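Reading through the structure tokens given below for one structure.
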Amino acid sequence: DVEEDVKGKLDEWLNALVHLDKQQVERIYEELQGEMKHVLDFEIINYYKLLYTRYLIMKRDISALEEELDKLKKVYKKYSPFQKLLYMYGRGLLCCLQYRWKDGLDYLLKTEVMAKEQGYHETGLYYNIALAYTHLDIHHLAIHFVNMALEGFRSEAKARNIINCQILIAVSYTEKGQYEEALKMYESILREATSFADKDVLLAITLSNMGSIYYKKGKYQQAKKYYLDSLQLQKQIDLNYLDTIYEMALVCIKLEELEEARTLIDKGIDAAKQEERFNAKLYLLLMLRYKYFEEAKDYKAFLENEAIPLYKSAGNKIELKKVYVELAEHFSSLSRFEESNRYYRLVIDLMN
Amino acid sequence: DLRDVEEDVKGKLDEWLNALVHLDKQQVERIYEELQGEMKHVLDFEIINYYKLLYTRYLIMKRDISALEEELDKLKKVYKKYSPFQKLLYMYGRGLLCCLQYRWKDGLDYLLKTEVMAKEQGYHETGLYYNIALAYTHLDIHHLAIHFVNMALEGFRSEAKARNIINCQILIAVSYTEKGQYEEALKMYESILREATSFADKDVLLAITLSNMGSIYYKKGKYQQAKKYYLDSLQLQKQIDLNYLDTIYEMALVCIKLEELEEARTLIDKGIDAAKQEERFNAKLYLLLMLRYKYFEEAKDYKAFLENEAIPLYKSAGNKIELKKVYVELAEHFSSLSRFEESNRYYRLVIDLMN
């Protein structure tokens, strides 16, 4: 009977896990570990076990999540409709963390239809669904859920999530649509003045995209300022950082600033050798240096003997296509259209 | 009085809806002719337009594209002020319109918005999921195609509609075929060979399966098997339609690989005359005509037909899939005539269509 407070304590831990109050999550997680050893009601135990999976995604532990999620898998039959709900939710987030967006979406969609049946709501769910749809390129459905997520997030007055939705919205309308509508969304982010944790991380991304938008619009001077501001906001060395440098180095070329361009390129290269995680990005910067600061004779040489054989290792995306097009454009520029056709045909075979 | 006249019409309109959703052709035609004698009595703006949107679905079922536009272009400006369900009917009809016109990318765009409106109104249609996946198939986006058939599949399962369930299985095996997994697709088609016998239209199910199987044996290299599966498919094709033109076009290619040109030459002429009759087959008519010129007409005449008739036709209608095919043939042609610069030109054009 005394474990009915733990039942309520498990519900309190649920609130801290939904609104992501990490300071409250940790104190309850510790308090429970001592009290969870005594209680032996499996509708109360499996409650904690599933909330732990929710705790694991907050602690970004994929491996431990996979372990536990596979354990609860067999016990799924005898769960409560709400406990059944949490399992489907956890696997969705797992696949999202494993970037299996199609598999995650299936789980997250079931997570929605269960929540509706038993009359349960969580604003984070809509966001994840929207993030799922977005990362696998379904625009209309992504926008649908990200609005409902945004509506709920405004009612909860959490500015961090507000921007996250606004970023997604602006990104989607940028992928296929007018930039003037996407720029105002980014502009709305900058005007926003509620200071929170890692707001500067979001602004770094916001500025990075605006730099890209204005780069496509031809407005190079403005784009460079946005790239510059982004870089100085960036505190990491992640993939998003190497992108902005590569993009900014392009702007310097457009603005007849080959010195600043090469400097940025060299820094990108030096920062890319650091890890094998972005080994692909490394050669993108090399190609850029051969293209503008080396002989075209050597640029072709690097593309044929270094670039192409590198992307034998899962360069299947734009990277390998990029190398083929550049070579194709190279020969057709020298009016040597035969070799140009050869590489052009390879581009078609790749985009099968 | 006039008031109860409409009350019964609304009921009869809702009945016409379910017949148009569950595809009851004999029931659709029945209510359709009945409504025409009743719809001239009702004058309610809400009810009249409700009928007009439903009438579009009739035109889709009757596959009357030329009349399908006129009804939609008549509503393209004012539909925004209708009831929210009338919008969904408009977006849906417009979506399938693009599909019937082989503008799948545009069709998908409308269908996806239709699904968004579906969730907004608390009303979904399992048939919609299928069409979305069908559009996703022609766009070669198979991972999303598979995503939507599974929703349609489980939808069709709960609705106990075993016939449409098979349609999903066929579509699944199609994506697997394009995904390179030929063996798992064949074994999937064999399972349909047993399932087919349970339905009335079994002969049209076999013709499709035997066709798609023959296509797999064609991609493997087993051409002698390819013809046998195609021949059995054609022998069941007693109805001249889209599927007929697919089988007879694909078989012609098989007779080319088997160096049986005379039979291939015969098949094309039969397929050409078939497509000339109904103008819904213009896409495949000029596709069949390209085969006629590629092998049995001189190269210059083949080139002339591509530049002056093929491209203009596939440019008028946004049938980019076929326009891609024409560009490659022109690119490969000039490449043989050592006119690489003009060949190179078309290679740049075909890449733009893939982005």
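Residue numbering restarts at 1 for every chain of the structure tokens, chains are lettered A, B, ... in their displayed order, and ligands are numbered from 1 as they appear.
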- Item | Residues of chain A within 6 Å of chain B, counting only C-alpha atoms, as a ChimeraX atom specification | /A:337-338,341
- Message: Just want the 12 Å neighbourhood of region 232-248 of chain A, counted on only C-alpha atoms, with same-chain residues fewer than 6 positions away dropped. Output as a ChimeraX atom specification.
- Response: /A:198-216,220-226,254-255,257-258,260-289
- Message: Env of residue 129 (chain A): 7 Å cut, atoms = only C-alpha atoms, seq-sep filter 6 positions within chain, self excluded. Answer as a ChimeraX atom specification.
- Response: /A:105,108,145
- Message: Please return, as a PyMOL selection string, all residues of region 39-169 of chain A that DSSP assigns to helix (DSSP H, G or I) on the basis of the backbone.
- Response: chain A and resi 42-58+62-78+81-97+101-117+123-135+139-155+159-169
Near-residue 37 (chain B) list (12 Å; only C-alpha atoms; drop same-chain fewer than 5 positions) as a compact mmCIF listing (two decimals) with C-alpha atoms, in the first residue's frame:
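Dumped everything to result.txt:
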# COMPACT_ATOMS: atom_id res chain seq x y z
CA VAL B 5 -36.72 17.04 -51.50
CA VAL B 9 -30.99 14.22 -51.87
CA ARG B 30 -27.38 3.76 -60.41
CA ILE B 31 -27.33 6.68 -57.98
CA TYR B 32 -25.80 8.90 -60.67
CA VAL B 42 -32.65 21.12 -55.24
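Of the listed residues B:69, B:33, B:4, B:106, the one whose atoms come nearest to residue 90 (chain B) is B:69, with distances taken using only C-alpha atoms.
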